[PDB]
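Please treat every number below as a calculation from the coordinates, not as lab data. Cβ sites come from the backbone with ideal geometry, for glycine too, and all protein chains shown count toward neighbours.
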Amino acid sequence: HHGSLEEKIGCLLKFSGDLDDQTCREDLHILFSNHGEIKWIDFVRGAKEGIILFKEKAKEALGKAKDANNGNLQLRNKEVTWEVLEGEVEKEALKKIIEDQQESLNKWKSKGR
């Protein structure tokens, strides 16, 4: 056989711990470059952590960059540690991340299509 079809996607990772309030996503998103760039970050006001899906794979850039040292990646290089959730928990956040960005971008047309 030699073939994998189990179907297990997970391009979103989350981090929790010391979180900053002024830092910006542009600064941390650039740090994950050269090893998985960030595609989007969803943080809830008053939350204790945050999730970030990458353009190539959060589990890849997060577990790869998270592994670069101890195995837990910190956010902003000294703030929150991120770890990929499970198929059930990783997906629950993946869907919420889409609904959050869909409302942040908004659409102006009403023409149809």
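For the condition closer than 23 Å to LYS8 by Cβ and either out of contact with any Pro (no Cβ under 9 Å at 6 or more places or on another chain) or β-branched (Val, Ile, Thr) (or both), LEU75 does not qualify.
Summed over segment 10-29, residues that are in contact (Cβ under 8 Å) with a residue 60 or more places away in the chain and under 16 Å from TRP40 (Cβ atoms) total 6.
Can you confirm whether segment 72-79 contains a residue that is loosely packed, with under 15 Cβ neighbours inside 10 Å, among the basic types (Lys, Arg) and within 24 Å of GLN102 (Cα to Cα)? No. Return the only residue of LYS66, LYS48 being buried (at least 19 other Cβ atoms within 10 Å of the Cβ), closer than 17 Å to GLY17 by Cβ, free of Cβ contacts under 8 Å to residues at least 60 places away in the same chain and of a type outside the set (A, V, I, L, M). Checking each option against the conditions leaves just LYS66.
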